[PDB]
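This document starts with two versions of one protein chain, written out as C-alpha cells and named structure 1 and structure 2.
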Structure 1
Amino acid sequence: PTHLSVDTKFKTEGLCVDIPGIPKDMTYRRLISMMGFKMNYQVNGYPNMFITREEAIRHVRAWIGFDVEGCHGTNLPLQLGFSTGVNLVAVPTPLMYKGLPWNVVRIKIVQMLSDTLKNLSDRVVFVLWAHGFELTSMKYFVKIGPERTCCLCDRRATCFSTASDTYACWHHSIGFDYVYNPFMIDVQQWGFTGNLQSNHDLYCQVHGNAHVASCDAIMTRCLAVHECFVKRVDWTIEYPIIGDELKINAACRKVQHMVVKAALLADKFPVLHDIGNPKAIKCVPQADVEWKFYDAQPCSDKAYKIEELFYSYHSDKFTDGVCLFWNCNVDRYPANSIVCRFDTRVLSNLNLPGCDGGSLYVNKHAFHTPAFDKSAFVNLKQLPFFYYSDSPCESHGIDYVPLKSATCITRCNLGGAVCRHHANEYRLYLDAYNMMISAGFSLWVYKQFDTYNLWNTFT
C-alpha cells in the first residue's frame, strides 16, 4: 500500500456539471480511460496518474495548481490556469495570454513547468479541484508510458518531443512539446463541503478570486498546503537535498553560538530562557548562565501569542535575564530577547509559497511558517554583523590578503593587526552569516546590545 490503486473509487459529483450523465460508480481505471489514457499493461514506477495524499506530501516541491475554465468542449476556447499565475487560452482551430492552438500552447506548458520545477523536483504533481475540463484537456499536452531517463543525463524523464522522438528531464527540455508521465491529485476527493472558494477562504485572506483560472489554481494548491502542512504536521517526512541545505544549517548553528555567546559576555545575564524546539541543546555549553528550556514546536498556523507562551502561571520571571527565540515565532517579542525569525517573503528553491501569507520552508523537513510581520520586532533592533573570538592567535596548517575590519572582535585587532588565523575564521564566519541571511533568516536583539562591550573581555 504505497501507491494509489487504479481500482480505488473516484467520487464524480464535482465532475457532473462539465460532464453531465457521468456515472456515480467510477474508478481511477475508468476515469483514466475516459481521459483518453487507457493502457494494456502495468507500467513499473507509473502504476497510476493519480497519487495518494501521503505521496503528494512527499512530493510537495512538484505541486503545481491547475485549473481549466470553459472560456466560452472541442468547440469552445479553454482558459488554462496554473499556480505560477499563468493563464493560457487554447483554441481548437495574473498573466493573461490570447487564444492559440494546442500545438503551440503545449510548448509553453513544457517551458513554464521546466523553468519552475528544474531546481525543485524530479516530477510534476498537478493539484486539482476537479470539475471535468481540466481532466479532459490533459490529452492535449500529456503523453504517458514506461518510466524513462533523460536523453542528455541520468534524471527521470518529464517531457517528450514529437519532433525528435526523444525524452528529457526539466533541465534539458528546450523545444519539447509534451509533458511526460505527470502526476495529479484531486483535492475534492478529500471530503469537503461547498465550493473551492468557500473552503479556501476559511483559512486564507491573501489569495483573491478574480474569476480567472490561475486564481482557482493558486487557491487549490493553497488549500492543499493548508490541509497537509498547516492543520496536519508530519516532521518524520524527509525531503531530498536540492540546494544549500547543509551549508545553511551549519551556518545557522555557527551564527546561533556566536550571537548567544557574545550577548552573554557583553551583558552577563544570570539566566537565559530558551523558548522553542523541545529537542534543543545548549548552543553555548561553556557559558556560566542558568540555562532554562521551554518547549514550543514550530507554529505552522498563526504565530504564538506571547501571553499564552509566558502567562497562565518554569522560572516564571521571563523579565529576568534574556530570552532566546531561535525560530520560535511569536506575535510580539519581549524587549529582553535574542531572535532568529525566518522571513517568509524570501525567494529561494527551499521556500515554497504557502497559506495566508505564510510560506512552506523545505530543508530536510517541511515547515509551514506564518507570514513575516515587522511589528513583531518593535521592542528590538536588527542585530548587526560582527565576528567575536577569544581563541589563541595561532595559524596551524589557502592564500592571504591582510584583513582590516572594525567588526573582527579579536585580541589581535585590539592589538592593532588581525592575525592570519582570525582573518581566515572571520572570512569563513562572514560567508556562513551571508548564506543564512540570503536563505531568509533575520536576526534581532535587545536594544542595549553593543559589541563595544566585547573588547574588555580581552584584558
Structure 2
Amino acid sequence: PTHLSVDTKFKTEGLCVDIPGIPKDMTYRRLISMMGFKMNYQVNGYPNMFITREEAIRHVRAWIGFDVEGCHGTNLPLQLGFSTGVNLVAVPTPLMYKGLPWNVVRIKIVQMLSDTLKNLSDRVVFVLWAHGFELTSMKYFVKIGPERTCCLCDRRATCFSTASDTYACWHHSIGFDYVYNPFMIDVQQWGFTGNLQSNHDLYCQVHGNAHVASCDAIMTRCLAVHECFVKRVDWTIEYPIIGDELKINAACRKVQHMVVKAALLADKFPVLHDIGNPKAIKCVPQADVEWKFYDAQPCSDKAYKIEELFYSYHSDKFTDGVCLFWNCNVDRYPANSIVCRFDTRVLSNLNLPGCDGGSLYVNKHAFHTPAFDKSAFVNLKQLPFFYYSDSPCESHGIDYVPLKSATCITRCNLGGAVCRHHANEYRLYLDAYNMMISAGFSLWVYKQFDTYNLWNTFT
C-alpha cells in the first residue's frame, strides 16, 4: 500500500449541490474520468491524481489550498482562490483580479505556483474541501500523463507548455501555461460533520471568512495542517534538505553551549533545571553544576502552562539556580531562565503557515509551533550577542584583518589585542549566531545576566 487505489470509494455528498444527481457510489477512477481526465491504464509513476493522507503529510511543503466559487458553470464566471491569498476570475467568453479567459488565467496559475513552490517542493498538492466546481475547473489548467523530467534540468516536470510542446519544473517554467501531474486531496473525505467554516473555527481564530475563494482555500489548508500536525503528531517522518537545515542545527548547538556555559560561569548557579526534549544531552558537559532533566515533548497546540510543568508536587525548587528552556514553549517563563523560543512570524523556506497563529517549522522533521507571544518573556530580557572563550590563544594550521570588538570576551582582548585564533573563532561564531537568528530563533535571559562578569574568569 504505497499510493491511493483509484478503486477506493469517494464520498460524493459534498459534491451534490454543485453536481446534482451525482451517484452516491463513486470511485476515484470514475471521478477522474468525470473531471475530463483519461489515465489510459498507465503504469508510469502517476497512478492517481488523488493521494493518501500519509502521502500528503510527507509532501506538506507542496500544499496549496484551492477553492472555486461560482461568481454567478459553462455560462458563469468562476472565482479561483488559493491559499497564497490570490483570487483569479475566469470567464468562459486578499488579492482580487478582474475576469479573464482561461488561456490567460492558466499562465497566471503556473507563474504563481512556480514562484511559491520552486524552493519548497518537487510538486503541488491541491488541498480541497471539495464541492464540485474546483474539480470540474481543473481540466482548464491541468494536463496529466506519464512522469517526466524538466527540459532544462533533472528535476521532475510540474508544468507543460502548449507553445513549445515541452515540460519544465517550478524553476524553469517561465511562459508555461499548464500545470502538469499535480496531486490533490479532499479533506471532506476524512469524515467531518458540518461545513468548512464550522470545523476550521473550532481550532483557529486567525483566519476569518471575507466570503472569497482564497479565504476558503486558506481555511482548508489550515484545517488540514491542524488534523495532520496539531491533533496528530509524527516525528518519525523525515523531510528532504531544501536550504540551510544543517548549518542552522549546528549553529543552534554552538549557541546553546556558548550561552549556557557563560551563564553558569557569570552567575555560578549551583543547579540547572533542563526542561524540554526527553532525549536532551548536557550542552556544557565539563560543567560542575548539578544538572537535572525534566521531560516535555515539543508542544504543537498551545504553549505549556508553567503551572502544570512546575506545580502539583524533582528538585521541587525550580526557583533555585537556573531554568533552561531550549525550544520548550511555555506561556510565561520564570525570572531565573535561559530561553530559546522559535518566532513563528519568521519568513523562510523552512517555516510554513500554520494553525491559529502558529507555524509549521520543517527542518528534518515537521514541528507545528504555537504562535509567538511577546508576553511570555515579561520576566526576562533579550540576550545580547557575545562570544566567550577560555581556550588557549594559539593559531595552529583564510586571510587576516585584525579584529576589534567589545563583545569578543577572551584573555587576549582583556590583554589589549585579539589573537588570530580567537578572531577566526569569533567570526565563525558570529556567522552561526546570525544564521540561527535569521532562521527565526530568539534568545532570552534572566535580567541579572551581565557579560562584564565573564572578564574575571581570566585571572
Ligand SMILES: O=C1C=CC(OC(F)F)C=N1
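Only residues modelled in both forms are compared. Residue numbering: sequential along structure 1, first residue numbered 1. Note that the rigid core is defined as the largest set of C-alphas that superpose within 1.5 Å between two forms.
Remark: the form deposited without the ligand is the source of structure 2; structure 1 originates elsewhere. Its Cα shifted by 2.2 Å between structures 1 and 2, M39 is reported here after superposition on the rigid core. Aligning the rigid core between structures 1 and 2 leaves the CA of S137 offset by 0.2 Å. The rigid-core fit between structures 1 and 2 yields exactly one 3+ residue run with every Cα displaced by 2 Å or more: 42-44.
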